[PDB]
């Protein structure tokens, strides 16, 4: 196999480029990565999808991991902080851990894409 960076995608160029929004914006920095999530989302199934480069079967550089509800809306993202030095593997694992932990606080159920697996009361209806 080649030891050089190879680009892996879960997301199309629309999905990774999409402007998305948080009803209740929260964020956490870990190393060179920024984690953002919408604290309003609850009781949903959430799918993690990522675009990233690998070296030999292992994620090296994350471009973006985004969290999707079944309707295809984006509710969270892990992305590099531009002013920081490139992130470590520890940063990625930590970032995914806190994203999952954050989302499960609200009884969301998380699943990760195959690429990720391989290479890396609460509300009241008005009336």
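Numbering follows the first chain given and starts at 1.
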Interresidue gap class [residue 120, residue 121; deposited sequence, unmodelled]: 10 or more
77-85 versus 25-33 - greater average Cα B-factor per the deposited record: 77-85
Out of 69, 39, 51, 61, residue topping the C-alpha B-factor column of the entry: 69
Residue 110, C-alpha B-factor rank within chain (lowest, middle or highest third): highest
Within-chain third of residue 104 by Cα B-factor, per the entry: lowest
Residue 10 - Cα temperature factor, lowest/middle/highest third of chain: lowest
